[PDB]
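Student: Provided hereafter are the protein sequence and its experimental coordinates.
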Amino acid sequence: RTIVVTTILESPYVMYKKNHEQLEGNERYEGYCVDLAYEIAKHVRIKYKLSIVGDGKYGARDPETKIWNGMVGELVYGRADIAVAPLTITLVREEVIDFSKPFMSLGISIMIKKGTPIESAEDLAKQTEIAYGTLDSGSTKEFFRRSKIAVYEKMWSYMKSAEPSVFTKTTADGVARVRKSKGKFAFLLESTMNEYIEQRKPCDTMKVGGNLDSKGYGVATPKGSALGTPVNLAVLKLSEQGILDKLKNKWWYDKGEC
Ligand SMILES: N[C@@H](CCC(=O)O)C(=O)O
Ligand SMILES: [Zn+2]
């Protein structure tokens, strides 16, 4: 009866509450997706348990083993019933799991340490003094790997062979690297994460230029799952009732600091 909700520790979607070590189950976490899961469960009328994905990855298929990892994998192999996280709706994922309509709209963006002489993707691509990377094994890395647009093809060419590696295991590592590189490192991440970090102390980063693409995050369920329909309708109702807007403001700006 209790459905398993796989998710990921990514701020401000899912974070450990101040005194998580003193708590258990769902009470250990807080964040946009923790609230979203609560609201969805309320409309779908289900009991659930949040589960942080073991490998801490979003989801990608190994070209060799063909095995899916991350949250996508938890769904594909039946270990999770639903995924409530900033999981990007992509073609390859849509082929193996189901997605609700978007609960958040975003695009790939550029994060720089304030003062960095960069204003666009073209600016990064035409130079090598400033290094740049992305989260490893996510939709952003795939974007550059698959792009047929000149400027992005140039960027992938650089990152693909960059040494040391410019692909971080977590968004947090990417941000830390930007903050510690004195402006010699820029990070490619989704606007949502970018906008959030920009509102947090030391307030030393900022999003520059427009987004590289336009897409969205969706709540995922195993392909053909009976929860897909109810979850989709729940997402649309939350959207139309302004709750998604309320949650975004709550976790991004109301708790602003810059
Ligand atoms: N939202 C992305 C992860 C973040 C990123 O790749 O920038 C995904 O679902 O893979
Ligand atoms: Zn702790």
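Tutor: The structure has been received and is ready for your questions. Residues are numbered from 1 along each chain as shown. Ligands and ions are numbered 1, 2, ... in the order given.

Student: gap between residue 126 and ligand 1?
Tutor: Per Cβ to the nearest ligand atom, to the nearest Å, residue 126 is found 23 Å from ligand 1. Using the backbone N, CA and C atoms, a C-beta is placed for each residue, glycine as well.

Student: should've said residue 16
Tutor: Taking Cβ to the nearest ligand atom as the measure, residue 16 falls 20 Å from ligand 1.

Student: hmm, that residue is touching residue 23, no?
Tutor: No - using Cβ atoms under 8 Å, residue 16 is not in contact with residue 23, being 9.2 Å away.

Student: what is the burial count for residue 51?
Tutor: Other residues within reach of residue 51, judged by other Cβ atoms under 10 Å, total 18.

Student: go on, residue 75?
Tutor: Residue 75 sits with 27 neighbouring residues when counted by other Cβ under 10 Å.

Student: which residues touch it?
Tutor: Residues in contact with residue 75 (Cβ atoms under 8 Å, 6 or more residues apart in numbering) are 6, 82-83, 97, 220-222.

Student: swap in 7 Å and give it another go.
Tutor: Shown in contact with residue 75 (Cβ atoms under 7 Å, 6 or more residues apart in numbering): 83, 97, 220-222.

Student: any idea which element it lies in?
Tutor: Using DSSP states H and E, residue 75 sits within helix 70-76.

Student: hmm, that helix in reach of ligand 1?
Tutor: No - Helix 70-76 lies out of reach of ligand 1 by Cβ under 6 Å from any ligand atom, never closer than 7.8 Å.

Student: what's the closest non-adjacent residue to whichever residue of the chain sits closest to ligand 1?
Tutor: Ligand 1 sits closest to residue 138 of the chain, with a gap of 2.5 Å, by Cβ to the nearest ligand atom. In this structure, residue 138 finds its nearest non-sequential neighbour in residue 58, 4.8 Å apart by Cβ to Cβ, 6 or more residues apart in numbering.

Student: what's the answer for residue 23, then?
Tutor: Nearest one to residue 23, counting by Cβ to Cβ, 6+ apart, is residue 17 at 6.7 Å.

Student: ok, the one you found touching residue 34?
Tutor: No - applying Cβ atoms under 7 Å as the test, residue 17 and residue 34 come out as separate, 9.1 Å apart.

Student: which of the two has more residues huddled nearby?
Tutor: Set residue 17 next to residue 34 and count neighbours by other Cβ under 10 Å: residue 34 wins out with 23 against 14.

Student: does that one really touch residue 15, like I thought?
Tutor: No - counting by Cβ under 7 Å, residue 34 does not reach residue 15; the two are 8.2 Å apart.

Student: burial measure for the residue of the chain closest to ligand 1, as a count.
Tutor: Look at residue 138: counted by other Cβ under 10 Å, it has 22 neighbours.
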